[PDB]
Amino acid sequence: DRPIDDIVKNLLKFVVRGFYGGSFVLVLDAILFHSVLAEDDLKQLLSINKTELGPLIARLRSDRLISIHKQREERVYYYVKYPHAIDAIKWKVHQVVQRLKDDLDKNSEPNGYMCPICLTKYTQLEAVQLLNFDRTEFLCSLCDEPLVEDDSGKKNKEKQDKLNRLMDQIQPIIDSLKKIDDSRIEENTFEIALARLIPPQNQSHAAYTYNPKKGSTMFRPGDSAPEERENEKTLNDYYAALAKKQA
Amino acid sequence: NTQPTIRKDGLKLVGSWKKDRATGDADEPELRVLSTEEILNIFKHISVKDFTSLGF
Amino acid sequence: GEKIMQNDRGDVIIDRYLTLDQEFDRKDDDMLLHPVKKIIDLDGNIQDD
Amino acid sequence: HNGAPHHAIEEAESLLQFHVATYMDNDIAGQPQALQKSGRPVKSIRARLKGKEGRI
Amino acid sequence: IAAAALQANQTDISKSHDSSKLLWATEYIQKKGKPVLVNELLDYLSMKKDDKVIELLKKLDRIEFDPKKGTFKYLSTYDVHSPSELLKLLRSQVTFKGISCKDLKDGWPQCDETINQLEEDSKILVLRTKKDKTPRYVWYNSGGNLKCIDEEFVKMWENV
Amino acid sequence: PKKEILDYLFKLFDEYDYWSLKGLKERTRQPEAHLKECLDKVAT
């Protein structure tokens, strides 16, 4: 379909390949290669168990990546909610960016002190109020220990470089985010993934169909969108002339 | 939307949406135990003047 | 010439071909695209300024 | 966090809510009693603050 | 005297079952690394005529007759003995079913080393055990490197 | 006794196609690991 959806899928592939386990890589690649899937079909394809499946599925629910669908035919299906997924990704990358930027801003500040007897850190101001009468060094309030300076000033450039190279690594995600913001997103549903059903098996137990309910108003989160060769020819005509004669 | 009729029971809360909007009478009450999470969210979605009306 | 409606259930067997017909429509529109004469090109007209 | 088969979750959270309810009060409608060792039931804060020499 | 004992214990080719005879014949085919002619069969099972056993052996997919000469050859599960063919097969895959190393060793015994170096090349999606890196079902590396972001950045990501 | 029990197995599943392991074991009285590796090589 749209190449931006393909960019989204490849973005998911890159994100999991760069930030998550190989099992997560396999699971998300398989369920993007295919569509909504039953659990036993996954067990058949990957030859896996519920014990292995549990933490991975739980983590994917935690990052709000794949919406889990359940229906009675109960058969459990799984699909990537695109807007919630990209909003979670945007929130996480925004949080990472703000976290590391404030880390660099804080690491640009003076490092501070600590008293290693009580293993408690001390700020520069806390050192100022804890000085000696000599106006030279700083003594602890409880342990009465001469304050020793924190070691982060050399770490300032290290955290800056880690920030820089992490932005370099994350830059394709930024570009895909830019193209996504250029695009306009349609929200995934289970039946939308049914319309793009990609069957792995010809022996799957699950009926990958949606069966709606009348008389029901059940509302839940995660689902909200507010010559010789001439002779035989004449002989063939000879047969046809004789055949039409009897008729 | 339609509301249930909540039955207090044990240490939890169940709903029953009769809702009367099938092709027929809709005699299907959704006997669903309301999550503390969704009660918290919907309580987060109340107005300030609604608090004052309710006495909060 | 009928607007689709989710109230209609259709036929599931025939309606499995819905996305196939959709990508047929996309391919056919791709074939139908062609350059336009500037004497009548409203796209050039709206790309005046 | 690990494999959640969705049939221990309900009773696990029910036990959690039950126990925090018990710690808050043990003078509730008589479906539980929730005693510790030994047979004397655990006194909760309502039992600590009730009439006749409970803190007031 | 051991040879005499083995000759005395040698069961005649008139076995209780033609299936048993054909099973021993498939053992004889598999233990030979070359397409063996029909005379090798006449050597092994001591009979000359074309049989229902021989006809079913011809009908066997794993046992291929040679119309040119008669060299019956064993047919493996996979006709892939190069990593180029392996990658072509992986790219030619139609579902995400993985492939065991055993039937790949069938035909290509030097496939496990190839799998290991392809994983070190990060060109595959291998499944390896937790006791040790014992390769199992494999898949094509549709994306980039598996070892993509450094351990400290992945670590602080897990802190995220 | 590989070959003898192999043919003996062929009569045995000919007697009954759903021949169980316990029914197999009483019909053999043999080393069981030797018994189990023979069974899966041909059938179930």
# chains A, B, ... in the order shown; residues from 1 in each chain; ligands from 1
$ closest_atom_pairs --of "chain A" --to "chain C" --cutoff "12 Å" --atoms "only C-alpha atoms" --output "Markdown table"
| residue | atom | partner | partner_atom | distance |
| --- | --- | --- | --- | --- |
| A:1 | CA | C:23 | CA | 7.7 |
| A:2 | CA | C:26 | CA | 10.5 |
| A:191 | CA | C:6 | CA | 12.0 |
| A:192 | CA | C:19 | CA | 10.7 |
| A:193 | CA | C:19 | CA | 11.5 |
| A:194 | CA | C:16 | CA | 9.6 |
| A:195 | CA | C:19 | CA | 7.0 |
| A:196 | CA | C:19 | CA | 7.8 |
| A:197 | CA | C:16 | CA | 9.9 |
| A:209 | CA | C:12 | CA | 9.6 |
| A:210 | CA | C:12 | CA | 10.8 |
| A:211 | CA | C:9 | CA | 11.0 |
| A:212 | CA | C:9 | CA | 10.7 |
| A:214 | CA | C:7 | CA | 11.6 |
$ residues_around --residues "residue E:93" --least-positions-apart "5" --cutoff "10 Å" --atoms "only C-alpha atoms" --output "NGL selection string"
:E and (87-88 or 98 or 139-140)
$ interface_residues --of "chain E" --to "chain F" --cutoff "10 Å" --atoms "only C-alpha atoms" --output "PyMOL selection string"
chain E and resi 11+15-20+23-24
$ interface_residues --of "chain B" --to "chain A" --cutoff "6 Å" --atoms "only C-alpha atoms" --output "VMD selection string"
chain B and resid 21 to 22 26
$ residues_around --residues "residue E:26" --least-positions-apart "4" --cutoff "9 Å" --atoms "only C-alpha atoms" --output "list in words"
residues 21, 22, 30, 31, 57, 63 and 74 of chain E
$ write_last_selection --atoms "N, CA, C and O atoms" --output "compact mmCIF listing (two decimals), in the first residue's frame"
# COMPACT_ATOMS: atom_id res chain seq x y z
N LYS E 21 13.78 -55.44 4.22
CA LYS E 21 14.79 -55.51 3.16
C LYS E 21 15.06 -54.14 2.57
O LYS E 21 16.22 -53.75 2.39
N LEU E 22 14.00 -53.38 2.29
CA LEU E 22 14.16 -52.06 1.70
C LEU E 22 14.74 -51.07 2.70
O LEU E 22 15.45 -50.15 2.31
N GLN E 30 22.37 -44.93 1.99
CA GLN E 30 22.72 -43.74 2.76
C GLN E 30 24.16 -43.80 3.24
O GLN E 30 24.86 -42.78 3.24
N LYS E 31 24.63 -44.99 3.62
CA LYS E 31 26.01 -45.14 4.07
C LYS E 31 27.02 -44.98 2.95
O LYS E 31 28.21 -44.79 3.23
N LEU E 57 11.32 -48.64 -4.60
CA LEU E 57 12.54 -47.87 -4.40
C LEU E 57 12.71 -46.81 -5.48
O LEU E 57 13.18 -45.70 -5.20
N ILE E 63 15.16 -41.70 -3.23
CA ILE E 63 16.04 -42.59 -3.98
C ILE E 63 15.78 -42.37 -5.46
O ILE E 63 14.73 -42.75 -5.98
N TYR E 74 20.87 -41.18 -3.41
CA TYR E 74 20.03 -40.71 -2.32
C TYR E 74 19.71 -39.23 -2.53
O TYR E 74 20.58 -38.44 -2.90
$ residues_around --residues "residue E:158" --least-positions-apart "2" --cutoff "12 Å" --atoms "only C-alpha atoms" --output "compact mmCIF listing (two decimals) with C-alpha atoms, in the first residue's frame"
# COMPACT_ATOMS: atom_id res chain seq x y z
CA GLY A 18 18.50 -1.55 18.03
CA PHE A 19 16.79 -1.57 21.42
CA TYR A 20 15.30 -4.99 22.20
CA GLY A 21 16.10 -8.66 22.26
CA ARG A 59 6.87 -6.18 27.34
CA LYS A 92 9.79 7.53 24.95
CA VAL A 96 15.12 10.01 26.52
CA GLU E 151 26.03 -2.35 25.10
CA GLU E 152 26.15 0.77 27.29
CA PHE E 153 23.53 2.57 25.18
CA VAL E 154 21.32 -0.52 25.15
CA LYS E 155 21.88 -0.72 28.92
CA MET E 156 20.79 2.86 29.55
CA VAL E 160 14.68 3.85 30.22
$ residues_around --residues "stretch 9-15 of chain D" --least-positions-apart "3" --cutoff "12 Å" --atoms "only C-alpha atoms" --output "CSV table (one decimal) with C-alpha atoms, in the first residue's frame"
chain,number,residue,atom,x,y,z
B,10,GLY,CA,-17.7,-8.4,48.1
B,11,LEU,CA,-14.8,-6.0,47.6
B,12,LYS,CA,-15.4,-5.1,44.0
B,13,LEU,CA,-17.9,-3.7,41.6
B,33,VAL,CA,-16.3,-6.2,37.0
B,35,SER,CA,-11.5,-2.1,36.8
B,36,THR,CA,-10.1,0.2,39.5
D,1,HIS,CA,6.0,-9.0,34.5
D,2,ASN,CA,6.7,-12.6,33.6
D,3,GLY,CA,4.3,-14.9,31.9
D,4,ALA,CA,0.8,-13.9,33.0
D,5,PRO,CA,-1.8,-16.6,32.0
D,6,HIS,CA,-4.6,-14.2,33.0
D,18,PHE,CA,-8.3,-7.7,50.3
D,19,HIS,CA,-5.2,-7.4,52.4
D,20,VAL,CA,-4.9,-3.6,52.1
D,21,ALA,CA,-8.6,-3.5,53.0
D,22,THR,CA,-8.0,-5.7,56.0
D,32,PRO,CA,-13.7,-12.6,55.7
D,34,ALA,CA,-8.4,-12.5,58.1
$ interface_residues --of "chain A" --to "chain D" --cutoff "12 Å" --atoms "only C-alpha atoms" --output "short mmCIF file (atom, residue, chain, number, x, y, z; two decimals) with N, CA, C and O atoms, in the first residue's frame"
data_model
loop_
_atom_site.label_atom_id
_atom_site.label_comp_id
_atom_site.auth_asym_id
_atom_site.auth_seq_id
_atom_site.Cartn_x
_atom_site.Cartn_y
_atom_site.Cartn_z
N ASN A 49 6.98 -21.84 23.45
CA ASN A 49 6.09 -22.15 24.55
C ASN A 49 5.53 -20.88 25.17
O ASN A 49 6.00 -19.77 24.91
N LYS A 50 4.51 -21.08 26.00
CA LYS A 50 3.90 -19.98 26.73
C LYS A 50 4.88 -19.37 27.71
O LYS A 50 4.83 -18.16 27.96
N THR A 51 5.77 -20.19 28.27
CA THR A 51 6.77 -19.71 29.21
C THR A 51 7.69 -18.69 28.56
O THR A 51 7.98 -17.64 29.14
N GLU A 52 8.15 -18.98 27.35
CA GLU A 52 8.97 -18.04 26.61
C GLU A 52 8.14 -16.87 26.10
O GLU A 52 8.63 -15.73 26.07
N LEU A 53 6.90 -17.14 25.72
CA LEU A 53 6.03 -16.15 25.10
C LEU A 53 5.62 -15.06 26.07
O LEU A 53 5.44 -13.90 25.66
N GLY A 54 5.45 -15.41 27.35
CA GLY A 54 4.93 -14.52 28.36
C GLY A 54 5.63 -13.18 28.54
O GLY A 54 5.01 -12.13 28.40
N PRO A 55 6.92 -13.20 28.90
CA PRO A 55 7.64 -11.92 29.09
C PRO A 55 7.71 -11.06 27.85
O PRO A 55 7.61 -9.83 27.96
N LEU A 56 7.84 -11.66 26.67
CA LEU A 56 7.92 -10.89 25.44
C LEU A 56 6.61 -10.18 25.16
O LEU A 56 6.58 -8.97 24.90
N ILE A 57 5.50 -10.92 25.25
CA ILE A 57 4.18 -10.35 25.05
C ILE A 57 3.89 -9.28 26.09
O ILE A 57 3.35 -8.22 25.78
N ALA A 58 4.31 -9.54 27.33
CA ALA A 58 4.11 -8.57 28.41
C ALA A 58 4.86 -7.28 28.14
O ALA A 58 4.33 -6.19 28.35
N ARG A 59 6.10 -7.38 27.66
CA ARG A 59 6.87 -6.18 27.34
C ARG A 59 6.25 -5.43 26.17
O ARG A 59 6.21 -4.19 26.19
N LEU A 60 5.75 -6.15 25.18
CA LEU A 60 5.11 -5.49 24.04
C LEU A 60 3.81 -4.82 24.44
O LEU A 60 3.44 -3.80 23.86
N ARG A 61 3.10 -5.39 25.41
CA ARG A 61 1.94 -4.70 25.96
C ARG A 61 2.38 -3.48 26.76
O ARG A 61 1.69 -2.46 26.76
N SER A 62 3.51 -3.59 27.46
CA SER A 62 3.97 -2.50 28.31
C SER A 62 4.35 -1.28 27.48
O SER A 62 4.05 -0.14 27.87
#
$ select_by_dssp --residues "chain C" --states "helix (DSSP H, G or I)" --output "PyMOL selection string"
chain C and resi 12-15+18-32+42-46
$ interface_residues --of "chain A" --to "chain E" --cutoff "9 Å" --atoms "only C-alpha atoms" --output "VMD selection string"
chain A and resid 10 13 to 14 17 to 20 22 25 to 26 29 to 30 33 to 34 44 to 47 92 95 to 96 162 166 169 199 to 201
$ decode --residues "stretch 16-27 of chain B" --atoms "N, CA and C atoms" --output "compact mmCIF listing (two decimals), in the first residue's frame"
# COMPACT_ATOMS: atom_id res chain seq x y z
N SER B 16 -23.96 -3.93 34.84
CA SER B 16 -25.00 -4.63 34.10
C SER B 16 -25.63 -3.61 33.17
N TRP B 17 -25.20 -3.61 31.91
CA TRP B 17 -25.74 -2.71 30.91
C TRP B 17 -26.86 -3.44 30.19
N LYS B 18 -28.10 -3.21 30.62
CA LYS B 18 -29.24 -3.73 29.87
C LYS B 18 -29.30 -3.08 28.49
N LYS B 19 -29.29 -1.75 28.47
CA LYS B 19 -28.97 -0.88 27.33
C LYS B 19 -30.07 -0.83 26.27
N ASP B 20 -30.99 -1.80 26.29
CA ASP B 20 -32.22 -1.89 25.49
C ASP B 20 -32.14 -1.41 24.04
N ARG B 21 -31.03 -1.68 23.35
CA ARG B 21 -30.83 -1.16 22.00
C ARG B 21 -30.27 -2.24 21.08
N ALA B 22 -30.89 -3.41 21.10
CA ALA B 22 -30.64 -4.41 20.07
C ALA B 22 -31.60 -4.16 18.91
N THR B 23 -31.65 -5.12 17.98
CA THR B 23 -32.81 -5.20 17.11
C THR B 23 -34.06 -5.58 17.90
N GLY B 24 -33.88 -6.31 19.00
CA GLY B 24 -34.91 -6.62 19.95
C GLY B 24 -34.77 -5.82 21.23
N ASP B 25 -35.01 -6.48 22.36
CA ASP B 25 -35.05 -5.79 23.64
C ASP B 25 -33.67 -5.61 24.27
N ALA B 26 -32.64 -6.27 23.73
CA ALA B 26 -31.28 -6.28 24.28
C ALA B 26 -31.27 -6.73 25.74
N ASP B 27 -31.64 -7.99 25.95
CA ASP B 27 -31.63 -8.57 27.30
C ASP B 27 -30.27 -9.20 27.59
